[PDB]
$ cat input.pdb   # PDB, N, CA and C atoms
ATOM      1  N   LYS A   1      25.299  -8.470  -7.758
ATOM      2  CA  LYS A   1      24.519  -8.168  -6.529
ATOM      3  C   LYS A   1      24.320  -6.665  -6.350
ATOM      4  N   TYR A   2      23.083  -6.196  -6.493
ATOM      5  CA  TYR A   2      22.791  -4.781  -6.339
ATOM      6  C   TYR A   2      22.676  -4.424  -4.866
ATOM      7  N   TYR A   3      23.213  -3.274  -4.495
ATOM      8  CA  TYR A   3      23.153  -2.825  -3.106
ATOM      9  C   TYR A   3      22.209  -1.638  -2.974
ATOM     10  N   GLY A   4      21.086  -1.706  -3.691
ATOM     11  CA  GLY A   4      20.103  -0.635  -3.662
ATOM     12  C   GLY A   4      20.721   0.748  -3.799
ATOM     13  N   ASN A   5      21.954   0.805  -4.301
ATOM     14  CA  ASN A   5      22.657   2.071  -4.478
ATOM     15  C   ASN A   5      23.544   2.025  -5.717
ATOM     16  N   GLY A   6      22.964   1.650  -6.855
ATOM     17  CA  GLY A   6      23.738   1.563  -8.081
ATOM     18  C   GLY A   6      25.097   0.937  -7.860
ATOM     19  N   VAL A   7      25.125  -0.115  -7.056
ATOM     20  CA  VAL A   7      26.367  -0.811  -6.757
ATOM     21  C   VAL A   7      26.178  -2.304  -6.906
ATOM     22  N   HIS A   8      26.841  -2.865  -7.897
ATOM     23  CA  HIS A   8      26.747  -4.282  -8.154
ATOM     24  C   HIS A   8      28.124  -4.895  -8.240
ATOM     25  N   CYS A   9      28.222  -6.137  -7.815
ATOM     26  CA  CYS A   9      29.477  -6.836  -7.857
ATOM     27  C   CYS A   9      29.424  -7.918  -8.917
ATOM     28  N   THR A  10      29.961  -7.597 -10.082
ATOM     29  CA  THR A  10      29.964  -8.525 -11.202
ATOM     30  C   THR A  10      31.300  -9.234 -11.319
ATOM     31  N   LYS A  11      31.278 -10.384 -11.984
ATOM     32  CA  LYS A  11      32.471 -11.200 -12.192
ATOM     33  C   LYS A  11      33.417 -11.169 -10.988
ATOM     34  N   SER A  12      32.833 -11.093  -9.798
ATOM     35  CA  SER A  12      33.593 -11.067  -8.545
ATOM     36  C   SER A  12      34.270  -9.715  -8.331
ATOM     37  N   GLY A  13      33.505  -8.650  -8.530
ATOM     38  CA  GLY A  13      34.024  -7.307  -8.347
ATOM     39  C   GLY A  13      32.906  -6.296  -8.194
ATOM     40  N   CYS A  14      32.955  -5.500  -7.127
ATOM     41  CA  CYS A  14      31.926  -4.497  -6.884
ATOM     42  C   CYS A  14      32.266  -3.187  -7.563
ATOM     43  N   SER A  15      31.317  -2.707  -8.350
ATOM     44  CA  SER A  15      31.485  -1.456  -9.080
ATOM     45  C   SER A  15      30.155  -0.726  -9.207
ATOM     46  N   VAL A  16      30.199   0.490  -9.741
ATOM     47  CA  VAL A  16      28.990   1.290  -9.906
ATOM     48  C   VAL A  16      28.743   1.660 -11.362
ATOM     49  N   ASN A  17      27.582   1.266 -11.871
ATOM     50  CA  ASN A  17      27.206   1.601 -13.238
ATOM     51  C   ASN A  17      26.900   3.096 -13.325
ATOM     52  N   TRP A  18      26.695   3.701 -12.155
ATOM     53  CA  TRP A  18      26.397   5.119 -12.036
ATOM     54  C   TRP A  18      25.074   5.451 -12.693
ATOM     55  N   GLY A  19      24.987   5.294 -14.004
ATOM     56  CA  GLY A  19      23.728   5.558 -14.662
ATOM     57  C   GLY A  19      22.616   4.759 -14.010
ATOM     58  N   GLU A  20      22.986   3.593 -13.477
ATOM     59  CA  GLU A  20      22.044   2.724 -12.784
ATOM     60  C   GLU A  20      21.712   3.329 -11.423
ATOM     61  N   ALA A  21      22.738   3.867 -10.766
ATOM     62  CA  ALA A  21      22.572   4.510  -9.470
ATOM     63  C   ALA A  21      21.836   5.826  -9.631
ATOM     64  N   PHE A  22      22.212   6.552 -10.674
ATOM     65  CA  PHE A  22      21.605   7.834 -10.982
ATOM     66  C   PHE A  22      20.112   7.659 -11.154
ATOM     67  N   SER A  23      19.742   6.527 -11.727
ATOM     68  CA  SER A  23      18.337   6.208 -11.931
ATOM     69  C   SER A  23      17.706   5.906 -10.579
ATOM     70  N   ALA A  24      18.527   5.390  -9.667
ATOM     71  CA  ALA A  24      18.077   5.071  -8.322
ATOM     72  C   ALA A  24      17.872   6.356  -7.535
ATOM     73  N   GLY A  25      18.863   7.238  -7.606
ATOM     74  CA  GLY A  25      18.780   8.507  -6.908
ATOM     75  C   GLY A  25      17.628   9.361  -7.404
ATOM     76  N   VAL A  26      17.492   9.487  -8.726
ATOM     77  CA  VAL A  26      16.411  10.291  -9.303
ATOM     78  C   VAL A  26      15.046   9.791  -8.857
ATOM     79  N   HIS A  27      14.886   8.480  -8.754
ATOM     80  CA  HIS A  27      13.611   7.923  -8.325
ATOM     81  C   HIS A  27      13.297   8.400  -6.914
ATOM     82  N   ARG A  28      14.323   8.396  -6.073
ATOM     83  CA  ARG A  28      14.198   8.839  -4.691
ATOM     84  C   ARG A  28      14.080  10.367  -4.606
ATOM     85  N   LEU A  29      14.895  11.058  -5.401
ATOM     86  CA  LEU A  29      14.923  12.520  -5.417
ATOM     87  C   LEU A  29      13.704  13.117  -6.115
ATOM     88  N   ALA A  30      13.441  12.634  -7.319
ATOM     89  CA  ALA A  30      12.335  13.124  -8.133
ATOM     90  C   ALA A  30      10.964  12.712  -7.593
ATOM     91  N   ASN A  31      10.938  11.961  -6.497
ATOM     92  CA  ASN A  31       9.672  11.531  -5.913
ATOM     93  C   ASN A  31       9.073  12.630  -5.041
ATOM     94  N   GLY A  32       9.940  13.378  -4.364
ATOM     95  CA  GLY A  32       9.477  14.451  -3.499
ATOM     96  C   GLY A  32       9.185  15.728  -4.263
ATOM     97  N   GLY A  33       8.258  15.650  -5.213
ATOM     98  CA  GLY A  33       7.903  16.817  -6.005
ATOM     99  C   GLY A  33       6.636  17.493  -5.514
ATOM    100  N   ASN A  34       6.759  18.271  -4.442
ATOM    101  CA  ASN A  34       5.622  18.990  -3.872
ATOM    102  C   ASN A  34       4.579  18.035  -3.291
ATOM    103  N   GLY A  35       4.013  17.180  -4.139
ATOM    104  CA  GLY A  35       3.007  16.240  -3.678
ATOM    105  C   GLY A  35       3.024  14.938  -4.455
ATOM    106  N   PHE A  36       1.846  14.345  -4.642
ATOM    107  CA  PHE A  36       1.729  13.088  -5.374
ATOM    108  C   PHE A  36       2.623  12.014  -4.758
ATOM    109  N   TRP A  37       2.145  11.397  -3.683
ATOM    110  CA  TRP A  37       2.900  10.351  -3.003
ATOM    111  C   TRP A  37       2.825   9.037  -3.773
TER     112      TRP A  37
END

$ encode --input "input.pdb" --output "structure tokens"
Amino acid sequence: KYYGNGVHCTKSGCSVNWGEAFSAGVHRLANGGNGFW
């Protein structure tokens, strides 16, 4: 179960793939590049 924050609970345990979250953050962060909405 992804929590829209690189946080998934697999095999009955919540953890962070990080690289998955990092990809989430970059999408949000790298979106505000001067323009181009």

$ select_by_dssp --input "input.pdb" --residues "chain A" --states "strand (DSSP E)" --output "NGL selection string"
:A and (8-10 or 13-15)

$ residues_around --input "input.pdb" --residues "segment 25-29 of chain A" --least-positions-apart "5" --cutoff "8 Å" --atoms "only N, CA and C atoms" --output "JSON, numbers by chain"
{"A": [4, 5, 6, 19, 20]}

$ select_by_dssp --input "input.pdb" --residues "chain A" --states "helix (DSSP H, G or I)" --output "ChimeraX atom specification"
/A:19-29

$ resolve_selection --input "input.pdb" --expression "the PyMOL selection byres (((chain A and resi 7 and name CA) around 9) and name CA)" --output "PDB file with N, CA and C atoms, in the coordinates of the input"
ATOM      1  N   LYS A   1      25.299  -8.470  -7.758  1.00  0.00           N
ATOM      2  CA  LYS A   1      24.519  -8.168  -6.529  1.00  0.00           C
ATOM      3  C   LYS A   1      24.320  -6.665  -6.350  1.00  0.00           C
ATOM      4  N   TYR A   2      23.083  -6.196  -6.493  1.00  0.00           N
ATOM      5  CA  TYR A   2      22.791  -4.781  -6.339  1.00  0.00           C
ATOM      6  C   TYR A   2      22.676  -4.424  -4.866  1.00  0.00           C
ATOM      7  N   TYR A   3      23.213  -3.274  -4.495  1.00  0.00           N
ATOM      8  CA  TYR A   3      23.153  -2.825  -3.106  1.00  0.00           C
ATOM      9  C   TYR A   3      22.209  -1.638  -2.974  1.00  0.00           C
ATOM     10  N   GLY A   4      21.086  -1.706  -3.691  1.00  0.00           N
ATOM     11  CA  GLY A   4      20.103  -0.635  -3.662  1.00  0.00           C
ATOM     12  C   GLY A   4      20.721   0.748  -3.799  1.00  0.00           C
ATOM     13  N   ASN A   5      21.954   0.805  -4.301  1.00  0.00           N
ATOM     14  CA  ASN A   5      22.657   2.071  -4.478  1.00  0.00           C
ATOM     15  C   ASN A   5      23.544   2.025  -5.717  1.00  0.00           C
ATOM     16  N   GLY A   6      22.964   1.650  -6.855  1.00  0.00           N
ATOM     17  CA  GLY A   6      23.738   1.563  -8.081  1.00  0.00           C
ATOM     18  C   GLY A   6      25.097   0.937  -7.860  1.00  0.00           C
ATOM     19  N   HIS A   8      26.841  -2.865  -7.897  1.00  0.00           N
ATOM     20  CA  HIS A   8      26.747  -4.282  -8.154  1.00  0.00           C
ATOM     21  C   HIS A   8      28.124  -4.895  -8.240  1.00  0.00           C
ATOM     22  N   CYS A   9      28.222  -6.137  -7.815  1.00  0.00           N
ATOM     23  CA  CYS A   9      29.477  -6.836  -7.857  1.00  0.00           C
ATOM     24  C   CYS A   9      29.424  -7.918  -8.917  1.00  0.00           C
ATOM     25  N   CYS A  14      32.955  -5.500  -7.127  1.00  0.00           N
ATOM     26  CA  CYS A  14      31.926  -4.497  -6.884  1.00  0.00           C
ATOM     27  C   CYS A  14      32.266  -3.187  -7.563  1.00  0.00           C
ATOM     28  N   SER A  15      31.317  -2.707  -8.350  1.00  0.00           N
ATOM     29  CA  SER A  15      31.485  -1.456  -9.080  1.00  0.00           C
ATOM     30  C   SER A  15      30.155  -0.726  -9.207  1.00  0.00           C
ATOM     31  N   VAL A  16      30.199   0.490  -9.741  1.00  0.00           N
ATOM     32  CA  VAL A  16      28.990   1.290  -9.906  1.00  0.00           C
ATOM     33  C   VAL A  16      28.743   1.660 -11.362  1.00  0.00           C
ATOM     34  N   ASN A  17      27.582   1.266 -11.871  1.00  0.00           N
ATOM     35  CA  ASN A  17      27.206   1.601 -13.238  1.00  0.00           C
ATOM     36  C   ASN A  17      26.900   3.096 -13.325  1.00  0.00           C
ATOM     37  N   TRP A  18      26.695   3.701 -12.155  1.00  0.00           N
ATOM     38  CA  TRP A  18      26.397   5.119 -12.036  1.00  0.00           C
ATOM     39  C   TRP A  18      25.074   5.451 -12.693  1.00  0.00           C
ATOM     40  N   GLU A  20      22.986   3.593 -13.477  1.00  0.00           N
ATOM     41  CA  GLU A  20      22.044   2.724 -12.784  1.00  0.00           C
ATOM     42  C   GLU A  20      21.712   3.329 -11.423  1.00  0.00           C
ATOM     43  N   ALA A  21      22.738   3.867 -10.766  1.00  0.00           N
ATOM     44  CA  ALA A  21      22.572   4.510  -9.470  1.00  0.00           C
ATOM     45  C   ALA A  21      21.836   5.826  -9.631  1.00  0.00           C
TER      46      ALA A  21
END

$ atom_distance --input "input.pdb" --atom1 "atom N of residue 23 of chain A" --atom2 "atom CA of residue 35 of chain A"
21.0 Å

$ decode --input "input.pdb" --residues "chain A" --atoms "C-alpha atoms" --output "mmCIF file, in the first residue's frame"
data_model
loop_
_atom_site.group_PDB
_atom_site.id
_atom_site.type_symbol
_atom_site.label_atom_id
_atom_site.label_comp_id
_atom_site.auth_asym_id
_atom_site.auth_seq_id
_atom_site.Cartn_x
_atom_site.Cartn_y
_atom_site.Cartn_z
ATOM 1 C CA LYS A 1 0.000 0.000 0.000
ATOM 2 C CA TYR A 2 1.624 3.228 -1.198
ATOM 3 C CA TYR A 3 1.073 6.337 0.909
ATOM 4 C CA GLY A 4 1.874 8.802 -1.864
ATOM 5 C CA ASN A 5 5.159 9.268 0.008
ATOM 6 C CA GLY A 6 7.453 6.417 -0.998
ATOM 7 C CA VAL A 7 5.894 4.424 1.812
ATOM 8 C CA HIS A 8 4.498 0.981 1.227
ATOM 9 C CA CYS A 9 3.496 -1.768 3.575
ATOM 10 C CA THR A 10 4.601 -5.085 2.142
ATOM 11 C CA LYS A 11 4.247 -8.567 3.616
ATOM 12 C CA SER A 12 2.437 -6.833 6.495
ATOM 13 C CA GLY A 13 5.071 -4.188 7.151
ATOM 14 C CA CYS A 14 5.364 -0.502 6.281
ATOM 15 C CA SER A 15 8.701 0.604 4.900
ATOM 16 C CA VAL A 16 10.252 3.095 2.484
ATOM 17 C CA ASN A 17 11.940 2.123 -0.770
ATOM 18 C CA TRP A 18 13.341 5.658 -0.649
ATOM 19 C CA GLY A 19 14.363 5.532 -4.275
ATOM 20 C CA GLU A 20 10.625 5.236 -4.856
ATOM 21 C CA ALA A 21 9.963 8.203 -2.573
ATOM 22 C CA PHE A 22 12.881 10.112 -4.026
ATOM 23 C CA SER A 23 11.207 9.697 -7.380
ATOM 24 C CA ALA A 24 8.055 11.045 -5.755
ATOM 25 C CA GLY A 25 9.794 14.043 -4.244
ATOM 26 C CA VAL A 26 11.709 14.896 -7.427
ATOM 27 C CA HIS A 27 8.471 14.863 -9.406
ATOM 28 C CA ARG A 28 7.024 17.364 -6.948
ATOM 29 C CA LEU A 29 10.288 19.307 -6.533
ATOM 30 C CA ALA A 30 11.510 19.217 -10.130
ATOM 31 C CA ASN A 31 8.075 20.395 -11.299
ATOM 32 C CA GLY A 32 8.513 23.950 -10.048
ATOM 33 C CA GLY A 33 11.180 24.843 -12.588
ATOM 34 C CA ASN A 34 10.546 28.528 -13.291
ATOM 35 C CA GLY A 35 7.600 27.700 -15.545
ATOM 36 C CA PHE A 36 6.033 24.972 -17.678
ATOM 37 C CA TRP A 37 3.052 23.895 -15.571
#
